[PDB]
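Breakdown of the fold
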Amino acid sequence: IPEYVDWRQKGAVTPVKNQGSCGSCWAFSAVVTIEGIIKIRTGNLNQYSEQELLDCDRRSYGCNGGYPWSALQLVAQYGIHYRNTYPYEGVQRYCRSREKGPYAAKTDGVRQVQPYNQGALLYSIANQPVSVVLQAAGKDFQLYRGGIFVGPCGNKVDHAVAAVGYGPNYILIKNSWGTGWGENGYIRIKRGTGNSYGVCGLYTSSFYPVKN
């Protein structure tokens, strides 16, 4: 369980993206999750469509609300297309999955990490990236243009992102905003403080598919 875990230089995460004026956090976080695992075994890095997840997942409320843990489940159940055969537009619409044709990616299950346990988060993040939530409605996290976020912030979780590494002290997160935020679309939050919930409630509820 290395002292350092970066999947970027591991060839697991692709360039950064933006959800835009679309409250669709959840589908983006997922595509990165599934994505990671998909490349971890096969040795093939891919960019899947979040747009599809939006238009297809009726359980989620597309362009403004969702469950990073429906998306995944969805995929495993059905599947998910490339981000070319289903590029992101930013507006929820009619499911094209079927109309689009044969799927391209399809997992083999979804599991959740025991909330409120850093030790647990890491491990999984060590075996493969994960979808995690937190407080973004933040007025500080909103302004982050590079650094180690300690706060201030709260325990009112409401935005989903992704963890793509950690250090002895900083946890790495991929944001669904442009590369005109944090440190090039990236933000480092601090771990090991005692805060069980985890600063910004980053330890509330996390997840991930399964792959054979």
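Named according to the PDB entry, the chain is PAPAIN originating from Carica papaya. Under its PDB header, the title given for this structure is "BINDING OF CHLOROMETHYL KETONE SUBSTRATE ANALOGUES TO CRYSTALLINE PAPAIN". Its UniProt record gives the chain the following Catalytic activity comment, quoted word for word: "Hydrolysis of proteins with broad specificity for peptide bonds, but preference for an amino acid bearing a large hydrophobic side chain at the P2 position. Does not accept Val in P1'."

Helix and strand content of the chain: five helices and eight strands. In sequence order, the secondary structure elements of the chain are arranged as β-α-α-α-α-β-α-β-β-β-β-β-β. Over its C-alpha atoms the chain spans a radius of gyration of 16 Å, differing by no more than 12% from the 17 Å that the globule rule assigns to 212 residues. Counting only C-alpha atoms and orienting by the principal axes, one finds that the chain spans roughly 50 × 35 × 25 Å. Of all 212 residues assigned to the chain, the portion counted as buried reaches 54%. In the form shown here, the chain has an accessible surface area of approximately 9,700 Å², with 47% of it arising from carbon and sulfur atoms.

What follows is about the state of the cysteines. Tallied over the full model, the rule gives three disulfides. Listing the disulfide partners of the chain by sequence rank of the bonded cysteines yields 1-3, 2-4, 5-6. The thiol sulfur of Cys-25 is not disulfide-bonded, and the nearest other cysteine sulfur, from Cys-22, lies at 9.1 Å. For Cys-25, a relative accessible area of 14% puts it in the buried group.

Looking at the secondary structure, you find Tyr-4 in the segment before β1 (5–6). For the pair formed by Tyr-4 and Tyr-203, sequence separation is 199 residues and the distance between their alpha carbons is 19 Å. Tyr-4 has contacts with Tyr-166, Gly-167, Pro-168 and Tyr-170, leaving out every residue within four places of it along the chain.

For any two aromatic rings, the description comes down to two numbers: the centre-to-centre distance and the angle of the planes. Going through the model one piece at a time under the given rule, you end up with ten aromatic pairs. Relative to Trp-69, the ring of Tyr-67 has its centre 4.8 Å away and its plane inclined at 25°; by these criteria the two rings are stacked. The class for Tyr-67 is partly exposed, based on a relative accessible area of 26%. Taken together, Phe-141, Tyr-144, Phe-149, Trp-177 and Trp-181 form an aromatic cluster joined through their ring pairs. The positively charged end of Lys-100 is found above the aromatic ring belonging to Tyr-86, 5.2 Å away from the centroid. Taking NZ or CZ as reference, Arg-188 lies 4.6 Å from the ring centre of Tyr-170, over its face.

What counts as what
- Residues numbered from 1 in each chain as written, not as in the entry; some residues may be left out.
- Part of a larger assembly, values for the part shown.
- Heavy atoms only, no water.
- UniProt positions renumbered as here; feature names shortened; annotations may be inferred.
- Helix = DSSP H or I, 4+ residues; strand = E, 2+ residues; numbered from the N terminus.
- Rg over C-alpha atoms; globule rule 2.2 N^0.38 Å.
- Buried < 20%, exposed > 50% of the residue type's maximum accessible area, 1.4 Å probe, protein only.
- Areas by Shrake-Rupley, 256 points an atom, 1.4 Å probe, with all protein chains shown as cover.
- Disulfide = S-S within 2.5 Å.
- Contact = heavy atoms within 4.5 Å.
- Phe/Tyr/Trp six-rings, centres within 6.5 Å; stacked < 30°, edge-to-face > 60°.
- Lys NZ or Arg CZ within 6 Å of the ring centre and 35° of its normal.

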